[PDB]
Structure formats: C-alpha cells, structure tokens
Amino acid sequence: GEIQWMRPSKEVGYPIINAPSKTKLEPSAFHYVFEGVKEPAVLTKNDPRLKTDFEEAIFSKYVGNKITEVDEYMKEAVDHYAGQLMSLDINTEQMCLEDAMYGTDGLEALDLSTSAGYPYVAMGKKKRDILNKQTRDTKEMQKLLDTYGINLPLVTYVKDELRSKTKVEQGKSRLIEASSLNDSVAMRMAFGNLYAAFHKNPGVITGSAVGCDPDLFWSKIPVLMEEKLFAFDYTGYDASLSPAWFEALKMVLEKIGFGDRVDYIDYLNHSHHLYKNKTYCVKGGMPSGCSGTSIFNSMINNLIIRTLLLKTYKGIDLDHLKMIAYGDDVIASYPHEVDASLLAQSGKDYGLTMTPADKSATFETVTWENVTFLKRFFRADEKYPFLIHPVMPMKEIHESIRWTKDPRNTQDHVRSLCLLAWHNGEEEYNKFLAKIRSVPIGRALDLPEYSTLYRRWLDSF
C-alpha cells in the first residue's frame, strides 16, 4: 500500500467532508469496579494525549509496494486455491439488483443505519431515503446508479473505538474507508453469489471462517486441522498488500468463473479517498470499508500462506494444508511440523511482515494450548472432551465493560459480555457477576447463571 498524493479537494472539485470529532465512548457504571488500560482513540490532531503528529501517524501504515508481478509460487498458490473453491460449485452469475440491495439466502441486506457515503453524504441523503426493506424497491437505487455511476471515492473516517495507551500517545488510530452506496450495490451484484457461497461454507474448503459461530465451530476445528499447527501475526496486513496479491486474486476469480468482473478488483487497488479537507490516492492496499473486503482478505491470506509453504518447504503437499482464515487472522495445520520463523522469512520478500502469534517475542511451537483464532482460546470441556469452548480472556471483557456509547445499552452490553465470559469457567464467571453486582446498577441487570449458559451450549449441539 502507498499514497500517490494529497491535496485540497477543492483542487479536484470535491466537497470538504465534516468528520465528527468527539468520542462517543464515556465511562461506565463499571469503570472503577474493573481495571483496564484502554481509552477512546485519537479522533483529531488537537488531542492533548498526542505524543507525536497525528495525520502523520494514521497514514503511516502505507509502507510501499514490494511486488507487482505474480511469480510462479504465487501462480501455483492460485492454481491450488482456485481448485479448492471449484469443489463448492459457486454460482457465478450476477446477483439481481434487488437481492444485492435487500438480501437473499446467505447475504444480508445493506445496513440502513450506516452512511450512504459519497456523494450522498454531501447531499444530506440517507440509505433509508433510498432503500425500503418492506417493498424491496429497486427503482430509486437503479436511478442513482445511472446518475452517479460507480467507482466513487471512499470517505475516510477515524474509528471511534477503545485503544491502548501507546496507540493513543502514538495516534495509532485505525482508519475506515466508507464505500459509496453505489459501489456496495455494484460489488454485491458482481460478487454476491461468491459472498453467499463463502458465508454458507466456513471451513477448510473455502479457507475462511466468515459465517461461523465460534460457540459451535470451535468443536469442528480440531477435527478439520491436520496433526501439527502453525500460526503467526501480520503487521499492517491490508495496507501491506501489494498489487501482485490483487492480481492473484483476480486470477482466482477468473479461474472460478468471475473473469468478467475482475475489473472491480482494480478499483480496490487504485482508490481515491476524501479525508476531511483533502483528497488522496492509493495504489494497492485493500480499503477496509468496502464490499467483500472480508472475503477478499481471507482469500488472499489463503494465497499468501500457500505461496510461502511452496517457497520455503520444497516438495510440500498442499493437499495436506488445512487452514481457516478470517481476513488476516488465520489458524493453520499440516501433517508434519512447519516453522513460522522460516515462513516469516520468505514473507519479507513479498512485502509481508510476519510476527509470532499473539505478540510473543519469539516464534514458538503453536499448540492447542496457546493457539488463538478470533481472539479466543480452545479448551476442551471437562465433561465432554469432544466439545470445545471458545475462550476469550477476561482481560478484554474487562476493557469493554468499563465503557459505554450509550448507558441506555447497559443491560444488552453486559449480558453480551456474559456470553463471552462464561467459557472461562464457572469460578471465573461467578466472580465476574460478583463484581458486576458490586454496584447498584449491576443489581438491576438480569444476568444468566453459569448452569443456564452451559446447558444452553450443550443443547445447541
């Protein structure tokens, strides 16, 4: 990923866009009950907590492009992945405008409570104004596609979310690219049957976890994996993606029967963003707020990992690779052990920055004991060993609970945290509820006991 320029959008005939500038996160009724280090992330340059320059820090992730050509390991990667997808028999037809807008089996409607993006955002024009779920009316959208076309620029916003201390001081505030409504509709007409096929088929054929429910899928994964696990983290994954990876994506797309709309992928490469009083242009890198990013990132991840196993371990058999990705996140296995430090090595040469799983300082054997996916651990039930708990550490549930975006939500919020927490066991769970109830508002909250959630889980199988 890399910027190609920046300039007053006036220069290019684009409106100025008015980001909001106050966090929406305020302290919770439980802000002092529970400990934590995170706080809302920097939204502006005029933020007191800044220990460095803002706009410089947020655009820092675009680290340049290491490659542009698809070498023969990538090519074989492509060939192997596409071959797997072909087994799913993905419907390769355009999706009708109505289904693309309103949903079909496996694809949810567009989100009516979010922005319609450029230019609708400078026209004070909203999705609710354009979309009607009840009549599923396409006429107005069709008219806006005709009028404004596609390939619009993406509006940038800083993500209002909790951030650690050094990421606040460092102004490492993650960014968001609001895809235009025109472009989401277009992307969903082209790709919707692909998204649907993926959503319906989380596992090792797609190499993707999109569409899984960790409370249930965790019990599938160890079976799906080969004998020996390996994993690692990326630094700035989406932004470190070089054009060669996108080309290789297009190659998988041609290969599974989407050849005719691979031009859409080019637009995810050469993207124009409007951020406040400016405009810029990026080359490579995948815009986060776009349609299908979640699938495309998972797919590339599958290409990346295949590529490095072929580079590093000569003669490796890809038919015994079993991997599941969620965008950059991935858990992977193989019948014999593979060294992630060696994979990280080969990574360097494709612009990929790979570090040991879970911020550990050294690369170590990844085991069913230390492995994490979607931030959860894997722990066999004591009573039923074949059923696996997704175990998210209390640490992060503690961070979440200390804040609210609207105290009106306290019941839902805290109870949702309960669903994540109880997997930590009955003794940790009951201590959680003790704490919650340690303040009056906590005693107003209807919370489920361990045994109800446990039984709920067992039943769900």
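For the two forms, the rigid core is made up of the largest set of C-alpha atoms that agree within 1.5 Å on superposition. All residue numbers refer to positions in the sequence shown, first residue = 1.
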Between 120 to 128 and 229 to 237, larger RMS Cα displacement in 5 other deposited structures of this protein after core fit: 229 to 237
Larger mean CA deviation from the shown form in 5 other deposited structures of this protein [core fit; 319 to 327 vs 352 to 360]: 352 to 360
Comparing 368 to 376 with 264 to 272, the one whose average Cα B-factor in the PDB entry is higher: 264 to 272
Between the two ranges 185 to 193 and 113 to 121, the one averaging a larger CA B factor in the entry: 113 to 121
Which of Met95, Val168, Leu85, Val330 ranks first by CA B-factor in the deposited coordinates: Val168
Identity of residue with top Cα B-factor, from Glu396, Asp47, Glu428, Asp412: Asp47
Lowest, middle or highest third - CA B-factor, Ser288: middle
For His31, the third of its chain into which the C-alpha B factor falls: lowest
Entry-reported Cα temperature factor of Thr23, expressed as the chain third it lands in: highest
CA B-factor placement of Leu131, once the chain's modelled residues are sorted into thirds: middle
B-factor third for the C-alpha atom of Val12 within its chain: highest
